[PDB]
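Here the protein sequences come in this chain order: A, B, C, D, E, F and G. With positions in the first sequence counted from 1, the corresponding number in PDB author numbering is that position plus 256. With PDB author numbering as the guide, the letters of the second sequence map in order to residues 39 to 215, 224 to 506. With positions in the third sequence counted from 1, the corresponding number in PDB author numbering is that position plus 149. With positions in the fourth sequence counted from 1, the corresponding number in PDB author numbering is that position plus 3. With PDB author numbering as the guide, the letters of the fifth sequence map in order to residues 303 to 413, 424 to 452. With positions in the sixth sequence counted from 1, the corresponding number in PDB author numbering is that position plus 412. With positions in the seventh sequence counted from 1, the corresponding number in PDB author numbering is that position plus 412. Here a beta-carbon is modelled for each residue, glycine too, at the ideal position from N, C-alpha and C. Here the structure comes first, spelled out in structure tokens, and everything after it is commentary.
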Amino acid sequence: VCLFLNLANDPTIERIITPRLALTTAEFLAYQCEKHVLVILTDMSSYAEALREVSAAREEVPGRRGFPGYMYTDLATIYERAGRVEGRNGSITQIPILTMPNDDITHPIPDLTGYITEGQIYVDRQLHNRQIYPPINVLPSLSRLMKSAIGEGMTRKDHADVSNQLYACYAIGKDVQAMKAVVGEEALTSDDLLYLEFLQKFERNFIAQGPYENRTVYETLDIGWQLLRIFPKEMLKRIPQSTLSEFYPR
Amino acid sequence: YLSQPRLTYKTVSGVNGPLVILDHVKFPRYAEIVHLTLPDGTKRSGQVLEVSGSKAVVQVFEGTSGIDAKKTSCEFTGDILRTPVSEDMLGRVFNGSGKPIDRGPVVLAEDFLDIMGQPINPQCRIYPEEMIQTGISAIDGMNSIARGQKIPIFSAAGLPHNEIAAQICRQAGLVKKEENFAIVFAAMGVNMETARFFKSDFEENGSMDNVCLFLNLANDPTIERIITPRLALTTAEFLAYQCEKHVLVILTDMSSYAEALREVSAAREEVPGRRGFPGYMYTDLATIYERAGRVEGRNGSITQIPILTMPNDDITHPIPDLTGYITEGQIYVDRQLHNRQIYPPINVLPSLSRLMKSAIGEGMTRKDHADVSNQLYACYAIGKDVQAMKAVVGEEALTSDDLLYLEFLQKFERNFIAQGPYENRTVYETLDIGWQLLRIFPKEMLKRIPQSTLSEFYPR
Amino acid sequence: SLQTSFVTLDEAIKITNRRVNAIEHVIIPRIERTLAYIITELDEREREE
Amino acid sequence: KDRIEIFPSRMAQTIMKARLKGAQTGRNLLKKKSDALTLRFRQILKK
Amino acid sequence: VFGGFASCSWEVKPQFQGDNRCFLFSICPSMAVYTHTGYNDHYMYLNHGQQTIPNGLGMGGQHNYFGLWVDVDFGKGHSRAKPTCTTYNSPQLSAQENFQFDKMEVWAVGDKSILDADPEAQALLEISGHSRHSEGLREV
Amino acid sequence: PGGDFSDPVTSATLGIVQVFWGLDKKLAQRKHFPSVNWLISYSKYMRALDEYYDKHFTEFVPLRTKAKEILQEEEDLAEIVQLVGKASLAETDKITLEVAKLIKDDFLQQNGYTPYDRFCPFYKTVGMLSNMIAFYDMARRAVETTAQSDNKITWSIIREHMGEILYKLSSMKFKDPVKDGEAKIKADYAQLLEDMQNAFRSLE
Amino acid sequence: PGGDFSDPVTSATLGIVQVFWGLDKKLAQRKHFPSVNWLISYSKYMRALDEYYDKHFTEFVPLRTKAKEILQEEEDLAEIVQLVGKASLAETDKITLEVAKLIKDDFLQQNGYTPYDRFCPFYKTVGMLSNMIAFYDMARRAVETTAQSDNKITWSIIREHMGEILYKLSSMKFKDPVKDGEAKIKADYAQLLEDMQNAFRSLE
């Protein structure tokens, strides 16, 4: 581990160069030392408030919410120093950490980060109050490199089909829950007391983990099929016949 | 006359975007057209935006690529922008700057008018007291246009407000009960598919012998779009107030005029007012619109139909909010009628014409016009309430009188509002369509219509 | 007569509630969230001016 | 579904403050009209 | 002039209703009366705004092949009993195959609105932003 | 930026382009792809392609006007089910709530990074659209013919007996247009029609 | 810009002027003509005119105090009259909805091209309100002293019995102030008062 610590009372304009000093070490250890590097840039919100600070007294043209004009290519200067290269066996995997102010995903810090990075992991406040660890909202979460990194010959045959169905059951049963608040518990059909059954078993048996579980990629999927046996076979409309005939009945 | 020769300065002392400033300029006018010559042999044209002593800045129209401070000569004409105006330009197509693009000759002028015009004396203006019929039933039956009115057609991006405008350009005319009627069509900032449609529609139907067409594309420069609606009105203020015709001006996509007037004013680093548009936009829209109306002494009139696009269907945008402050009504091309495949999709519930009372009646159309119109407007208003309420309360609550306001609502949107883009109805066959729709109701239920006209027109 | 005024007040209460809840959870939160966007986007139009 | 279509201005702030206030007066009727009907509904069960 | 008689009440339903006393007649071309033949009991018909089965008033025949039909687009109809009818042994009644009419009479022999129904829905419609479109245009 | 469609790059593009389709308001942060956004989506070449359509496919334009009619009617009804809650719905409208749920999940929604849907040929699009509009005509006759008298076939009864057929309508997108043929896909779409026609003859 | 007090021109006029003849757009399609609102419209010249009214007219300020109140108690009833709907109501409120209706169609109602409503002289203006407030207080004094004794009445026994009184109280706005004499109009409003003092003594 190589730690670059700029604390809260450390001076502000050093935070302009702190992710640059850390990533240059990473691009040295990955492309010249052929090591695999995991770069953890915590509170990238404290990057931009020290970049808005230096452009204020410089008096440029301000952009969206007072942040400077060049904020897109500046976070693209930082986030794009990642990946593999040809002829070198090292890699840089980047996980920055943000704080959205007032939990707004349309603030200029998570909205300009989501245009540079490849997916995002969303941590929400509503599952945190309900004592769920980790509180990860899978509805606005994304991995733009998930589509070509899973499948047959990498993890398992039915990985891409389970996650597309666990998406559509959580996205539907969150809409039935907002329909339960209008018409009450009584006016719900028997194939919509299944979608509320899923949410009590999705966010406790799949999402909620505990901070010292090393759940494999097969143990995650084997949890994900006992949630997909909640429904009958003729409602899993995102999973084809070739995978339902083998993986569903157990 | 102008006898003195013109100075061709080469003292370009700075280029900044579209703007070129000069030096050692001897007595420069305001808004004086200059003629630039590039070093590679090409020519541009400009206008003087600010003079200060011996220094004048120049807003070049066609761009600024190539203008160096060494070899570009600016020739100062010593005259404001005046455009060649004639009566035989009815039947031509010019671009946004006055140059003809119908492969024809440049126009042989009768008199060089100035494109800023002059303000009409309010002591010499007469109230509009006849009708321009337009062929469309929803604009003639219920929102009737007076000769000398300004009634904008509001729309949105994706609605058919071009096929409406081209239908009005083919089917406009008097309320006859034609040599002195003309259209002046100005298209500002249209894409290439619209201005080929405007050119291939007015030859395909033979309605070219009375239409002047000022096309101005989006790839064309942004300053030609500023001076386009002042060419189309100076041509109109000649045809009606000197040649005694009834002119109808169509200014398609006036929202792109206010996108260019914001673009010109941002180049001069000026202050923006409401939502980025300039401070002087209320007096710059009224510089266009208030060149209309009938006058005393002459036998001509100018009617204006500007055409807008409300962004994201917000009527509170400054282009519709300020054009509803100067003009006299709305038409409101609607989206919810377009998505159910009705042409023309005109929403008659928010549409208005404030001068409908001086366009209809005895001597103008017929004595039943004012009572059919506001009765169809009442049975379309009730019909829109029934279907709004029957979706929220249920289907079994309708009484038998209550379904009758839905038989009207379906037959109003198929026989009155649905027209087809080449079906030219006169006003006498919009009311005879409207009268066989009022016989859907019995006599006791038509309470907006008086008995003295119910006993003449209703029974058949 | 007492069991026939029960099932008229048993159906009229179970509609009004679905109409207090249809304002508490549908209509009034949508009018509040557009209020919290007008006070935000007009802070932006003051800042650019 | 998440915002009512209008554009931010000073006038459009007072109209969505009035429509919110004009909805809270409707709910204040319907919050107690249900309990006034529930006030008679207990008495029929108390009969 | 033609028409028909219904033996029971008219009721809006998709099924063929009525019994053997319903007959068709004729007056102004000729005067003749056609009683039932019992080949089928497709006697009367009344539908009011569906989309898969026809909408209008009908007597005799079958679907879209009635011996007397009045359509919802009022002032139109047909009597498409080309050889004769099936229920009534009745001819083509009109002069054409698809007539148009202006006078109609229905004579019995022997012997509020939705806008004011729900005061909570007009309270919820005004709260939800949707306007009224008509005040001072309707009565009370 | 920020999922708001009043940004100055969209409304500048709306006045320039000829075709334009944009994602929904609700389904922007949560991926339901593609969506439609009927308030700004349009294509002005819908009249300029009617000579092509009657020549080669010749029954697609009657399908498209109904497929736009189910979707433009569900957007009316979705606001009222969010306010009333399926109570003021006669059973002829509870179908249009459910074929629009079947089109926006199976027909419109296209997983472009699967090998069986990265390219959808236009016979397969019409074949997928023929089988749903046939189902909507066979459902809405099975309600409207048994409506006022007894044996009221509701939408609820249609789901219990035909639960395997509405999965097979959601199985029409899992056809690979290369591993299967062109007349093999059409040989498996008409068998879904001959089982859809034999699934309402058991109901009547 | 559409009837608000949010713009800096309308709100910075009402901080300066004394009279506000406040008009609205909602209260225009009633064909009422004017579009008077009488809830946001004020006049702060009531204290300056307490000498003209008390000297020359000596009766009008208590009628003006009552007539602004009857049109106010109708407002806080009318939200419940819409939602609940006149079912279990007190009978002193039915006075202030029918007498209050008599004001809103026969006192604050105008039409400007007519030969009776292009000029309204003030002695005829206080002459019309001298009867309408007297009918209100006599309807109130009847319903409060006959609330407990014997043969308690409602409003719906009076308006059927006194339907010809409510025609003379509704035909005051249609008497022409231009053709008729100056004293031809007060005696008609002084003869009608004895058809309003004797008429109540036909019920009790």
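C-alpha gap between residue i and residue j, whole angstroms
i: F:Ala499; j: D:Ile7; result: 25 Å
i: F:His468; j: F:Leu605; result: 22 Å
i: B:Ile202; j: B:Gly370; result: 20 Å
i: B:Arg185; j: F:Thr470; result: 47 Å
i: B:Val438; j: E:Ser311; result: 31 Å
i: B:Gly129; j: B:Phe192; result: 28 Å
i: G:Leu615; j: D:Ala26; result: 45 Å
i: B:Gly346; j: B:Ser501; result: 38 Å
i: D:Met14; j: B:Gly104; result: 47 Å
i: B:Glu342; j: B:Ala405; result: 18 Å
i: A:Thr362; j: B:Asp149; result: 59 Å
i: E:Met361; j: B:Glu168; result: 53 Å
i: A:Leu401; j: F:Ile565; result: 47 Å
Helix, strand or coil at residue i [DSSP, three-state]
i: B:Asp152; result: strand
i: E:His442; result: coil
i: residue 2 of chain D; result: Only positions 4 to 50 of chain D appear in the structure, and residue 2 of chain D is not among them; the question remains open.
i: E:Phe401; result: strand
i: B:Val257; result: strand
i: B:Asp299; result: coil
i: A:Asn385; result: helix
Pick from the options that is closest to residue i, judged by C-alpha positions
i: B:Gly55; options: B:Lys93, B:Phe99, B:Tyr39; result: B:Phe99
i: B:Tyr39; options: B:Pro77, B:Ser51, B:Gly116; result: B:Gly116
i: F:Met584; options: F:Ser542, F:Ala551, F:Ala611; result: F:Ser542
i: B:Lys137; options: B:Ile273, B:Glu290, B:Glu475; result: B:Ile273
i: B:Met327; options: B:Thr102, B:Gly466, B:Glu309; result: B:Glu309
i: G:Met458; options: G:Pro446, G:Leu451, G:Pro474; result: G:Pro474
i: B:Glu70; options: B:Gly104, B:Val53, B:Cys112, B:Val50; result: B:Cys112
i: A:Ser399; options: A:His384, A:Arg412, A:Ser419, A:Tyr389; result: A:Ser419
i: A:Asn461; options: A:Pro467, A:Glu475, A:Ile479; result: A:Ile479
i: E:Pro431; options: G:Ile492, G:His573, G:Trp433; result: G:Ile492
i: B:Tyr451; options: B:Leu422, B:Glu475, B:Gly343, B:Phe65; result: B:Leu422
i: A:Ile351; options: A:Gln376, A:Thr329, A:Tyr504, A:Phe458; result: A:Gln376
i: B:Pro267; options: B:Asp178, B:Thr102, B:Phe114, B:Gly179; result: B:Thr102
i: E:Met406; options: E:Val452, E:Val335, E:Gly377; result: E:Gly377
Under 8 Å by beta carbon: chain J residues contacting residue i
i: C:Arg168; result: In the displayed structure, chain J is absent; the protein chains listed are A, B, C, D, E, F and G.
Mind listing which residues of the segment 485-499 of chain F have their C-beta closer than 8 Å to chain B's C-betas, in chain order?
If you check each beta-carbon in the segment 485-499 of chain F against every beta-carbon of chain B, the ones closer than 8 Å belong to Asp488, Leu489, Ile492, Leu495, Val496, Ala499.
Check each residue of the segment 170-196 of chain B: if its Cβ is closer than 9 Å to any Cβ of chain F, include it; give the result in chain order.
Those would be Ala194, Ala195, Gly196, in chain order.
Using a Cβ cut-off of 7 Å, which residues of the segment 433-445 of chain G contact any Cβ in chain E, in chain order?
Within the segment 433-445 of chain G, the residues whose Cβ lies closer than 7 Å to some Cβ of chain E are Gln441, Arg442, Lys443, listed in chain order.
Under 8 Å: do the segment 429-447 of chain G and the segment 433-450 of chain E share three or more Cβ pairs, one atom per stretch?
Taking 8 Å as the limit for Cβ pairs, the verdict is that the segment 433-450 of chain E does touch the segment 429-447 of chain G.
To be precise: take each residue of the segment 513-524 of chain F, compare its Cβ to all Cβ atoms of chain A, and keep it if any distance is under 8 Å. Which residues remain?
Those would be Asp517, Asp518, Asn523, in chain order.
Residues in the segment 6-26 of chain D having any Cβ partner in chain G nearer than 7 Å
The residues in question are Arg13, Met14, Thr17.
Does the pairing of the segment 312-323 of chain B with the segment 239-255 of chain B give three or more beta-carbon distances under 8 Å?
Output reads no: the segment 239-255 of chain B does not touch the segment 312-323 of chain B.
Three or more C-beta pairs closer than 8 Å, one from the segment 440-451 of chain B and one from the segment 378-388 of chain B: is that the case here?
At 8 Å Cβ cutoff, the stretches do not touch.
Residues, ordered as in the chain, of the segment 565-594 of chain F that lie near chain A by beta-carbon distance below 8 Å:
Residues of the segment 565-594 of chain F with a C-beta less than 8 Å from any C-beta of chain A: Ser568, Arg571, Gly575, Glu576, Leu578, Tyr579, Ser582, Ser583, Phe586, listed in chain order.
Does the contact criterion of 3 or more C-beta pairs under 8 Å hold for the segment 415-432 of chain G versus the segment 561-579 of chain F?
Flag = no, the segment 415-432 of chain G and the segment 561-579 of chain F do not touch.
Any contact between the segment 483-491 of chain A and the segment 510-524 of chain F? By contact I mean 3 or more CB pairs, one from each, below 8 Å.
Of all C-beta pairs linking the segment 483-491 of chain A to the segment 510-524 of chain F, fewer than three are shorter than 8 Å, placing the two stretches out of contact.
Under 8 Å (Cβ pairs) to chain E, residues found in the segment 169-195 of chain C:
For chain E, the residues of the segment 169-195 of chain C that bring a beta carbon within less than 8 Å of one of its beta carbons are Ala171, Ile172, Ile176, in chain order.
contact_flag[the segment 572-586 of chain F, the segment 375-394 of chain E] where n(CB pairs < 8 Å) is 3 or more
No: fewer than three Cβ pairs fall under 8 Å.
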